[PDB]
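Trainee: Quick one: the structure is below, and I'll ask about it shortly.
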Amino acid sequence: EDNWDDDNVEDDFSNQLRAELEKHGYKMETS
Amino acid sequence: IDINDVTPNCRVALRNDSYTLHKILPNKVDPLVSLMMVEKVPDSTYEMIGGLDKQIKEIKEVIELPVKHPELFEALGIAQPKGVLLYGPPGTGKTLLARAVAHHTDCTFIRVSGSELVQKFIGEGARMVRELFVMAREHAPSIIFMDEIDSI
Amino acid sequence: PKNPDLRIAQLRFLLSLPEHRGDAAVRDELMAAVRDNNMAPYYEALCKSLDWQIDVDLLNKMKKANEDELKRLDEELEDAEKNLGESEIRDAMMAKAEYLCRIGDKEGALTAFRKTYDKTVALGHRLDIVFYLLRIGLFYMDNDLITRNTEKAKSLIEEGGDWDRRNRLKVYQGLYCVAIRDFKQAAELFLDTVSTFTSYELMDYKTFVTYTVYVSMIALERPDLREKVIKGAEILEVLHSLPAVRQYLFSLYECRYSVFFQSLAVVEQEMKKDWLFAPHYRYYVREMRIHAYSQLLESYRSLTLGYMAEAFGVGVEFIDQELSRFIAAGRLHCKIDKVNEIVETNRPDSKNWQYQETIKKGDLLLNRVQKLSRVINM
Amino acid sequence: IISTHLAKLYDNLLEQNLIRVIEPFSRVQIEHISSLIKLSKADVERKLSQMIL
Amino acid sequence: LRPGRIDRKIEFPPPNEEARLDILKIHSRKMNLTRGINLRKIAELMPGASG
Amino acid sequence: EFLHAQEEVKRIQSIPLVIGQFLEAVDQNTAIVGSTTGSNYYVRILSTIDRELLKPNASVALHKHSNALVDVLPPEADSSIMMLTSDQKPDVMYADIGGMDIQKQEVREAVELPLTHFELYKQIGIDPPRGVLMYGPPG
């Protein structure tokens with residue numbers, strides 16, 4: 001299984017990205 | 001058929017008109033070996049059982065020392081004992097001490113139920129004490145555990 | 001003290017994996033690398049940290065004296081095997097394995113474990129030494145001892161002592177038995193948590209129930225999940241103890257969403273900041289996002305995504321790009337419409353999916369049958 | 001202890017009334033259900049969502 | 001049975017509190033029980049009995 | 001024609017057959033059987049009889065003169081003891097008994113409850129009981 005079995009995703013950018021969007025312009029001025 | 005293969009206690013078929021031995025039927029089981037006294041790897045208590053410490057020392061000096069020291073008995077010229085009798089109120093270390101002793105003496109533990117299910121075929125007891133001892137002679141250095149029932 | 005020896009792995013992973021971003025935790029590990037650890041790995045951190053000064057002085061000075069205290073009862077057995085009992089008695093290494101497995105380094109402590117495996121055939125001390133060896137495998141992240149000896153721990157000594165030793169085989173969770181596959185085996189073993197009171201291992205039983213409620217989210221959506229986590233006395237008791245994790249659970253069970261995303265960020269605050277982040281928690285965060293979108297998308301045939309944004313939080317274009325990734329990934333079966341802001345879902349009826357599964361399984365079976373037919377009779 | 005019992009009986013009678021009113025319809029509007037139950041659209045919507053879930 | 005065949009016999013008393021707790025700990029092995037049962041409290045809970 | 005002869009061998013069924021109990025099987029189409037007349041026999045078995053129907057000493061039918069195994073009865077034929085029928089219910093209600101709830105509830109959970117919940121004994125380790133013996137002063 002090594003460390004992640006198989007598949008997954010290698011975008012290397014999705015790390016609480018919704019929280020970054022909420023931080024992006026203060027959630028787009030809280031839309 | 002052949003004479004030599006005919007043994008005591010094997011089922012045979014007799015013909016209808018004149019009783020001649022037709023065919024030896026196969027036997028079903030030896031009754032004592034079917035219900036055979038189960039040999040276990042002895043799961044001891046690792047001797048933590050407090051309160052019976054006097055009983056621990058007594059069972060040590062009484063039964064363990066002949067197994068571990070044949071040289072001491074041979075040098076002193078003392079005949080090694082064969083059996084050990086235990087008595088008391090029930091539940092107070094009947095079977096537990098035997099298991100702990102058997103595991104600590106590096107021997108297998110054999111328990112004989114043998115109360116009345118054996119004696120249903122009246123003389124099976126006369127073979128029960130036979131074949132059991134045969135296995136206890138052929139398996140390993142071991143002990144035999146037997147209950148009140150013989151006095152019964 | 002091999003049962004408290006897991007302090008080695010516990011605090012050594014409490015620093016050594018987050019030591020890339022741990023300042024005070026270095027000082028925390030300072031009075032435990034020297035004062036109470038196994039052996040020469042107390043140096044080892046100089047390959048990552050500074051050169052070290054003082055640990056060269058004292059740690060050798062005790063250890064040879066401890067080797068001078070290692071005559072101990074060995075010579076007392078040499079003058080105590082004069083009794084002809086078993087050519088042995090319970091005085092020597094069999095009663096001295098605590099030092100040689102607690103202070104022994106694994107390059108020699110593995111041989112010490114083998115030495116005290118050549119021991120009495122009592123199942124209790126044997127099972128204890130195997131659990132000690134499993135923890136010693138978890139000391140250095142060997143990932144082979146915790147594979148090999150776990151089969152021995154679960155199956156080979158399974159002839160007695162059961163139904164009360166089984167709360168010590170709970171180490172097979174987070175170990176090589178349960179890797180980053182935070183799923184049915186791991187959550188099933190974690191859901192057998194019929195206990196409140198501590199039994200060492202991972203410490204701090206609140207952390208155990210947070211691990212159980214974290215694996216419960218990836219375990220089941222709601223097939224009888226309300227009985228097993230929501231309707232339980234002790235789990236609700238520790239949920240009364242821990243408020244934010246209770247918020248994380250109840251923002252999903254009540255289907256409130258929105259604030260659930262905030263709780264996810266809070267979970268992010270300890271998703272990787274614990275010791276167990278050398279495998280990644282991406283297969284947990286993405287699985288939780290897909291699970292939340294699946295429970296929202298159920299019971300809504302033609303849902304406008306303007307409603308979906310206010311239901312989940314913010315990010316209309318974020319909702320669009322997230323669904324554009326997840327639909328074409330293969331999960332979350334729906335068909336988003338870019339114009340008219342509708343996210344229309346389609347679900348296969350249960351005759352077509354069954355038809356495809358029968359066709360595929362029958363194809364592989366007929367191929368196997370034809371291969372077996374070609375093997376015999378030329 | 002009448003608070004939790006009354007809230008629970010309120011919820012069970014809510015879902016019993018909602019399953020009672022919905023038997024004749026097949027494709028009703030949620031506005032008619034909301035007007036007949038004298039509650040807002042949002043609580044009705046989330047309650048039916050929880051009922052399907 | 002005394003000459004040669006059998007030998008010395010060992011008595012057994014009614015059990016004390018320590019042997020009672022040991023018997024209780026032995027017989028609670030094959031049972032799915034809670035931790036923290038405090039079997040010593042159960043041992044002092046009843047005054048005296050057999051095994 | 002074999003299917004004709006398979007039906008044709010059923011002449012030996014006839015009607016006045018004695019009833020016995022099968023015991024053990026020796027070889028193919030030949031086994032021992034215990035007649036209820038008292039004696040024990042070693043008979044031949046017809047090939048028409050399937051071997052599925054014999055195991056736990058089931059009741060079988062034997063020939064009169066030849067004394068060979070011919071027929072297999074339904075699994076209870078001779079028992080000489082019948083069930084509690086349907087008109088033999090002795091019409092005593094549960095609520096007719098007063099003040100026995102400490103043992104009415106105990107005997108209810110010891111009879112019908114482990115029909116369903118049998119796995120709960122194995123995951124705890126009680127080794128579920130088979131019998132229960134009542135006693136007390138006479139009346």
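Just remember, in the structure tokens the first chain shown is A, the second B, etc., residues are 1-based per chain, and ligands are 1-based in the order shown.
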Considering only C-alpha atoms, tabulate each residue of chain C that lies at most 10 Å from chain A along with its nearest interatomic pair and the corresponding distance in Å to one decimal; arrange the rows by chain and ascending residue number and present them as JSON lines.
Mentor:
```
{"residue": "C:143", "atom": "CA", "partner": "A:2", "partner_atom": "CA", "distance": 9.7}
{"residue": "C:176", "atom": "CA", "partner": "A:1", "partner_atom": "CA", "distance": 9.7}
{"residue": "C:179", "atom": "CA", "partner": "A:3", "partner_atom": "CA", "distance": 7.3}
{"residue": "C:180", "atom": "CA", "partner": "A:4", "partner_atom": "CA", "distance": 6.4}
{"residue": "C:181", "atom": "CA", "partner": "A:4", "partner_atom": "CA", "distance": 7.6}
{"residue": "C:261", "atom": "CA", "partner": "A:18", "partner_atom": "CA", "distance": 7.9}
{"residue": "C:262", "atom": "CA", "partner": "A:19", "partner_atom": "CA", "distance": 7.7}
{"residue": "C:264", "atom": "CA", "partner": "A:16", "partner_atom": "CA", "distance": 8.0}
{"residue": "C:265", "atom": "CA", "partner": "A:16", "partner_atom": "CA", "distance": 6.3}
{"residue": "C:266", "atom": "CA", "partner": "A:16", "partner_atom": "CA", "distance": 9.8}
{"residue": "C:267", "atom": "CA", "partner": "A:16", "partner_atom": "CA", "distance": 9.8}
{"residue": "C:268", "atom": "CA", "partner": "A:16", "partner_atom": "CA", "distance": 7.1}
{"residue": "C:269", "atom": "CA", "partner": "A:16", "partner_atom": "CA", "distance": 9.8}
{"residue": "C:278", "atom": "CA", "partner": "A:3", "partner_atom": "CA", "distance": 8.7}
{"residue": "C:279", "atom": "CA", "partner": "A:3", "partner_atom": "CA", "distance": 5.9}
{"residue": "C:280", "atom": "CA", "partner": "A:4", "partner_atom": "CA", "distance": 7.9}
{"residue": "C:281", "atom": "CA", "partner": "A:4", "partner_atom": "CA", "distance": 9.6}
{"residue": "C:282", "atom": "CA", "partner": "A:15", "partner_atom": "CA", "distance": 8.0}
{"residue": "C:283", "atom": "CA", "partner": "A:8", "partner_atom": "CA", "distance": 7.1}
{"residue": "C:285", "atom": "CA", "partner": "A:16", "partner_atom": "CA", "distance": 8.2}
{"residue": "C:286", "atom": "CA", "partner": "A:14", "partner_atom": "CA", "distance": 8.9}
{"residue": "C:309", "atom": "CA", "partner": "A:31", "partner_atom": "CA", "distance": 8.7}
{"residue": "C:310", "atom": "CA", "partner": "A:31", "partner_atom": "CA", "distance": 8.3}
{"residue": "C:313", "atom": "CA", "partner": "A:22", "partner_atom": "CA", "distance": 8.6}
{"residue": "C:314", "atom": "CA", "partner": "A:31", "partner_atom": "CA", "distance": 6.0}
{"residue": "C:315", "atom": "CA", "partner": "A:21", "partner_atom": "CA", "distance": 6.9}
{"residue": "C:316", "atom": "CA", "partner": "A:31", "partner_atom": "CA", "distance": 8.6}
{"residue": "C:318", "atom": "CA", "partner": "A:18", "partner_atom": "CA", "distance": 7.6}
{"residue": "C:319", "atom": "CA", "partner": "A:18", "partner_atom": "CA", "distance": 9.4}
{"residue": "C:322", "atom": "CA", "partner": "A:18", "partner_atom": "CA", "distance": 9.8}
{"residue": "C:329", "atom": "CA", "partner": "A:9", "partner_atom": "CA", "distance": 9.8}
```
Trainee: Just the selected residues (C-alpha atoms), exported as a compact mmCIF listing (two decimals), in the first residue's frame, please.
Mentor:
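Printed below is selection14.txt as written:
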```
# COMPACT_ATOMS: atom_id res chain seq x y z
CA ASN C 143 7.07 -0.74 8.89
CA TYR C 176 0.69 -1.34 9.54
CA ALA C 179 -2.52 2.61 7.15
CA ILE C 180 -3.94 5.80 5.54
CA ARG C 181 -6.86 3.58 4.41
CA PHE C 261 -16.64 23.96 6.30
CA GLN C 262 -15.31 26.08 9.19
CA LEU C 264 -13.08 21.32 8.39
CA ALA C 265 -10.56 24.15 8.64
CA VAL C 266 -10.35 23.50 12.38
CA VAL C 267 -9.74 19.84 11.57
CA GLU C 268 -7.03 21.08 9.18
CA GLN C 269 -5.43 22.78 12.20
CA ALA C 278 4.06 11.57 7.26
CA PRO C 279 1.24 10.08 5.22
CA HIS C 280 -0.98 12.81 3.87
CA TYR C 281 -4.53 13.60 4.95
CA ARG C 282 -5.64 14.53 1.44
CA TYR C 283 -7.71 11.32 1.04
CA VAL C 285 -10.29 16.13 3.18
CA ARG C 286 -11.29 15.34 -0.41
CA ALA C 309 -23.28 28.58 -2.44
CA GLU C 310 -25.34 29.93 0.47
CA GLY C 313 -20.59 28.89 2.39
CA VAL C 314 -19.14 31.17 -0.27
CA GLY C 315 -17.53 30.61 -3.64
CA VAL C 316 -19.96 30.31 -6.55
CA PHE C 318 -15.40 27.76 -6.29
CA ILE C 319 -18.51 25.56 -6.29
CA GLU C 322 -15.06 21.92 -7.41
CA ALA C 329 -13.28 12.43 -11.58
```
Trainee: Hey, list the chain F side of the contact with chain B: 10 Å cut-off, only C-alpha atoms, answer as an MDAnalysis selection string.
Mentor: chainID F and resid 24:27 31:32 41:42
Trainee: Keeping only C-alpha atoms, write the selected residues to a file as a CSV table (one decimal), in the first residue's frame.
Mentor:
```
chain,number,residue,atom,x,y,z
F,24,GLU,CA,-24.6,-47.2,9.6
F,25,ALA,CA,-23.5,-47.7,6.0
F,26,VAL,CA,-20.9,-50.3,5.1
F,27,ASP,CA,-20.3,-50.0,1.4
F,31,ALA,CA,-25.8,-51.3,4.8
F,32,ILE,CA,-26.9,-52.6,8.3
F,41,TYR,CA,-29.5,-57.2,10.3
F,42,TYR,CA,-27.1,-56.7,7.3
```
Trainee: So that I can see what lies close to residue C:197, please list as an MDAnalysis selection string the residues with an atom at most 9 Å from it, counting only C-alpha atoms and leaving out residues fewer than 5 positions away in the same chain.
Mentor: (chainID C and resid 205) or (chainID E and resid 34:36)
Trainee: Compile the residues of chain E that lie within 10 Å of chain C, evaluated using only C-alpha atoms, and express the compilation as an mmCIF file with C-alpha atoms, in the first residue's frame.
Mentor:
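Saved the output as iface_19.cif:
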```cif
data_model
loop_
_atom_site.group_PDB
_atom_site.id
_atom_site.type_symbol
_atom_site.label_atom_id
_atom_site.label_comp_id
_atom_site.auth_asym_id
_atom_site.auth_seq_id
_atom_site.Cartn_x
_atom_site.Cartn_y
_atom_site.Cartn_z
ATOM 1 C CA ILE E 26 -8.812 -16.187 36.541
ATOM 2 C CA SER E 28 -12.981 -13.273 34.435
ATOM 3 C CA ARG E 29 -10.457 -13.977 31.661
ATOM 4 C CA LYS E 30 -12.764 -15.396 28.966
ATOM 5 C CA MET E 31 -15.377 -12.653 29.301
ATOM 6 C CA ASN E 32 -15.809 -9.426 27.343
ATOM 7 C CA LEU E 33 -15.700 -6.935 30.205
ATOM 8 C CA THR E 34 -15.113 -3.238 30.802
ATOM 9 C CA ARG E 35 -11.766 -1.915 31.958
ATOM 10 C CA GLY E 36 -11.521 -0.407 35.448
ATOM 11 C CA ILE E 37 -13.808 -3.050 36.932
#
```
Trainee: What parts of stretch 4-130 of chain F does DSSP call alpha helix (DSSP H)? I'd like the answer as a ChimeraX atom specification.
Mentor: /F:4-8,101-109,119-122
Trainee: Near residue E:7, within 8 Å and counting only C-alpha atoms, which residues show up once chain neighbours fewer than 5 positions away are dropped, as a list in words?
Mentor: residues 81, 82, 83, 84 and 85 of chain B; 2 of chain E
Trainee: For chain C, list the residues within 10 Å of chain B, counting only C-alpha atoms, and write the list as number ranges by chain.
Mentor: C: 83-87, 120-125, 159-161
Trainee: Limited to N, CA, C and O atoms, could you put the picked residues into a file as an mmCIF file, in the first residue's frame?
Mentor:
```cif
data_model
loop_
_atom_site.group_PDB
_atom_site.id
_atom_site.type_symbol
_atom_site.label_atom_id
_atom_site.label_comp_id
_atom_site.auth_asym_id
_atom_site.auth_seq_id
_atom_site.Cartn_x
_atom_site.Cartn_y
_atom_site.Cartn_z
ATOM 1 N N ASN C 83 20.399 -25.845 41.836
ATOM 2 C CA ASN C 83 19.148 -26.587 41.882
ATOM 3 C C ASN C 83 18.824 -27.116 40.491
ATOM 4 O O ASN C 83 18.904 -26.385 39.499
ATOM 5 N N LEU C 84 18.442 -28.389 40.420
ATOM 6 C CA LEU C 84 18.269 -29.090 39.154
ATOM 7 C C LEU C 84 16.842 -29.025 38.635
ATOM 8 O O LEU C 84 16.368 -30.000 38.038
ATOM 9 N N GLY C 85 16.140 -27.914 38.873
ATOM 10 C CA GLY C 85 14.751 -27.763 38.482
ATOM 11 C C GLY C 85 14.467 -27.880 36.998
ATOM 12 O O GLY C 85 13.898 -28.875 36.543
ATOM 13 N N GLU C 86 14.888 -26.882 36.223
ATOM 14 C CA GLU C 86 14.669 -26.884 34.783
ATOM 15 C C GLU C 86 15.953 -26.530 34.054
ATOM 16 O O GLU C 86 15.915 -26.116 32.888
ATOM 17 N N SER C 87 17.091 -26.673 34.748
ATOM 18 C CA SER C 87 18.381 -26.049 34.431
ATOM 19 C C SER C 87 18.266 -24.533 34.272
ATOM 20 O O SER C 87 19.058 -23.923 33.547
ATOM 21 N N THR C 120 9.860 -19.045 28.603
ATOM 22 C CA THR C 120 8.767 -19.901 29.036
ATOM 23 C C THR C 120 7.635 -19.870 28.019
ATOM 24 O O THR C 120 7.468 -18.907 27.264
ATOM 25 N N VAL C 121 6.846 -20.941 28.007
ATOM 26 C CA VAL C 121 5.822 -21.130 26.989
ATOM 27 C C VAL C 121 4.483 -20.616 27.493
ATOM 28 O O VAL C 121 3.431 -20.961 26.942
ATOM 29 N N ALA C 122 4.512 -19.804 28.550
ATOM 30 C CA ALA C 122 3.293 -19.182 29.050
ATOM 31 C C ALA C 122 2.788 -18.147 28.055
ATOM 32 O O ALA C 122 3.554 -17.320 27.554
ATOM 33 N N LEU C 123 1.486 -18.199 27.773
ATOM 34 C CA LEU C 123 0.932 -17.399 26.689
ATOM 35 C C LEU C 123 0.831 -15.928 27.068
ATOM 36 O O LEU C 123 0.862 -15.058 26.191
ATOM 37 N N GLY C 124 0.716 -15.630 28.365
ATOM 38 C CA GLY C 124 0.516 -14.251 28.782
ATOM 39 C C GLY C 124 1.760 -13.404 28.612
ATOM 40 O O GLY C 124 1.714 -12.314 28.035
ATOM 41 N N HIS C 125 2.897 -13.909 29.092
ATOM 42 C CA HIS C 125 4.146 -13.172 28.954
ATOM 43 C C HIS C 125 4.613 -13.161 27.506
ATOM 44 O O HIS C 125 5.244 -12.196 27.060
ATOM 45 N N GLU C 159 -5.129 -18.905 21.200
ATOM 46 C CA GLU C 159 -5.598 -20.162 21.752
ATOM 47 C C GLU C 159 -6.120 -20.024 23.172
ATOM 48 O O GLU C 159 -6.716 -20.976 23.687
ATOM 49 N N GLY C 160 -5.925 -18.876 23.814
ATOM 50 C CA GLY C 160 -6.411 -18.662 25.162
ATOM 51 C C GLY C 160 -6.252 -17.213 25.552
ATOM 52 O O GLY C 160 -5.616 -16.423 24.847
ATOM 53 N N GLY C 161 -6.848 -16.865 26.689
ATOM 54 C CA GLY C 161 -6.756 -15.511 27.191
ATOM 55 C C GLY C 161 -7.566 -14.492 26.430
ATOM 56 O O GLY C 161 -7.377 -13.293 26.642
#
```
Trainee: If we count only C-alpha atoms, which residues of chain E reach to within 8 Å of chain B? Please list them as a list in words.
Mentor: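 Putting it all together, I get residues 4, 5, 6, 7, 8, 9, 10, 11, 12, 13, 14, 15, 16, 17, 18, 19, 22, 50 and 51 of chain E.
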Trainee: Produce a file of the selected residues containing N, CA and C atoms, as a CSV table (one decimal), in the first residue's frame.
Mentor:
```csv
chain,number,residue,atom,x,y,z
E,4,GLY,N,3.9,-48.2,48.6
E,4,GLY,CA,4.5,-48.0,47.2
E,4,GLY,C,3.7,-47.2,46.2
E,5,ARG,N,2.4,-47.5,46.3
E,5,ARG,CA,1.5,-47.0,45.2
E,5,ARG,C,1.2,-45.5,45.3
E,6,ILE,N,0.7,-45.0,46.5
E,6,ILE,CA,0.5,-43.6,46.7
E,6,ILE,C,1.4,-43.1,47.8
E,7,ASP,N,1.4,-41.8,48.1
E,7,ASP,CA,2.3,-41.2,49.0
E,7,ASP,C,1.6,-40.0,49.7
E,8,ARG,N,2.4,-39.1,50.2
E,8,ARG,CA,1.9,-38.0,51.0
E,8,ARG,C,0.8,-37.2,50.4
E,9,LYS,N,-0.2,-36.8,51.2
E,9,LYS,CA,-1.4,-36.1,50.8
E,9,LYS,C,-1.3,-34.6,51.3
E,10,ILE,N,-1.9,-33.7,50.5
E,10,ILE,CA,-1.8,-32.3,50.7
E,10,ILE,C,-3.3,-31.8,51.0
E,11,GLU,N,-3.5,-31.1,52.1
E,11,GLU,CA,-4.8,-30.5,52.4
E,11,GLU,C,-5.0,-29.2,51.6
E,12,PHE,N,-6.3,-28.7,51.7
E,12,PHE,CA,-6.6,-27.5,51.1
E,12,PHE,C,-7.5,-26.7,52.1
E,13,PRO,N,-7.3,-25.5,52.4
E,13,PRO,CA,-8.2,-24.7,53.3
E,13,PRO,C,-9.2,-24.0,52.4
E,14,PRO,N,-10.3,-23.5,53.1
E,14,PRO,CA,-11.1,-22.5,52.4
E,14,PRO,C,-10.3,-21.3,52.0
E,15,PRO,N,-10.6,-20.6,50.9
E,15,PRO,CA,-9.7,-19.6,50.4
E,15,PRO,C,-9.8,-18.3,51.1
E,16,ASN,N,-8.7,-17.6,51.2
E,16,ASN,CA,-8.6,-16.3,51.8
E,16,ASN,C,-9.0,-15.2,50.8
E,17,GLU,N,-8.8,-14.0,51.1
E,17,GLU,CA,-9.2,-12.9,50.2
E,17,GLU,C,-8.3,-12.8,49.0
E,18,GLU,N,-7.0,-13.1,49.2
E,18,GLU,CA,-6.1,-13.0,48.0
E,18,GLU,C,-6.3,-14.1,47.0
E,19,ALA,N,-6.6,-15.3,47.5
E,19,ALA,CA,-6.9,-16.4,46.6
E,19,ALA,C,-8.3,-16.2,46.0
E,22,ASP,N,-7.7,-13.9,43.2
E,22,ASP,CA,-7.0,-14.6,42.1
E,22,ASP,C,-7.9,-15.5,41.3
E,50,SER,N,-17.1,-19.9,48.9
E,50,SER,CA,-16.2,-20.9,48.3
E,50,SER,C,-15.7,-20.3,46.9
E,51,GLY,N,-15.1,-21.2,46.1
E,51,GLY,CA,-14.7,-20.9,44.8
E,51,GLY,C,-15.7,-21.3,43.7
```
Trainee: Could you list, as a ChimeraX atom specification, every residue of chain F that has an atom within 10 Å of an atom of chain E, counting only C-alpha atoms?
Mentor: /F:122-126
